[PDB]
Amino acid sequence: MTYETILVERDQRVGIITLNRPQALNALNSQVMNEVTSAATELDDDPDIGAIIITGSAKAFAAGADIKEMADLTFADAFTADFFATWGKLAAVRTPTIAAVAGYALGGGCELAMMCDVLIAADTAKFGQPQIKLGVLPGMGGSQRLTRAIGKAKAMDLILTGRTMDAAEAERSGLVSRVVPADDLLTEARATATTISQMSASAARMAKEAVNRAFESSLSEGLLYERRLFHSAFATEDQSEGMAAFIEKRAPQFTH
């Protein structure tokens, strides 16, 4: 399809969604929400895609949101619209997703990055939750996902003060998978996406789903769910080919 705020690219088994509002420093709005989730969902249902990247510009992954949509928003309209709920569709994506974050990832932007499974950051990446300064708070999962990544003391710090966090701090805290030089961000993200998309598709979906369990229940239930999923893998051809390949000292030819 054609979109207005994003560009969508397919190369091999990798899909890439590039936020495209340069005049706004890739600020999120309701239209961006709708377009990204439509794109991501459409990519998720494509058998020829095994990984999805979401990225912005070198200057901004996403520097926040259009204040106009929130400025004269009333509680009635927010409640009626369930304002931001549509973002949940990105989390419902079963194929692995990778946020490639360069420069500014602030408010909504940082929240969008955290929605992704894998987070590769440029060395220029700046994260933060400055929503408090506008007299509000995170509304796209920030108080949940940030706190679960970096712990209470830092989560409370960023959310109550709005201070920024650079890439190196993001990396030692739990917020990002790894950090790479800014000129190599897109190349690294593609390489990570490539590797992931060459794994067995069900095994990757299963592995991602199992990790996601770790934030939804007791440890004891997470362990049970994982083990059962693990057992199910043995009904898949790819488990059989994967192990055979290992033993026979050769490359696995996955069928998906």
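When you see a residue number, it is the position in the sequence shown, counting from 1.
For the pair 67 to 75 and 161 to 169, the record assigns the higher mean C-alpha temperature factor to 67 to 75. As listed in the deposited structure, the average C-alpha B-factor of 145 to 153 and of 177 to 185 is greater for 177 to 185. Ranked by Cα temperature factor within the chain, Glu209 sits in the lowest third according to the deposited record. The entry lists a Cα temperature factor for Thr124 that places it in the middle third of the chain's modelled residues.
Placement of the Cα temperature factor of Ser217 within the chain: middle third of the modelled residues, per the deposited record.
When all modelled residues of the chain are sorted by CA temperature factor, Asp48 is found within the highest third. Sorting the modelled residues of the chain by their CA temperature factor places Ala244 in the highest third.
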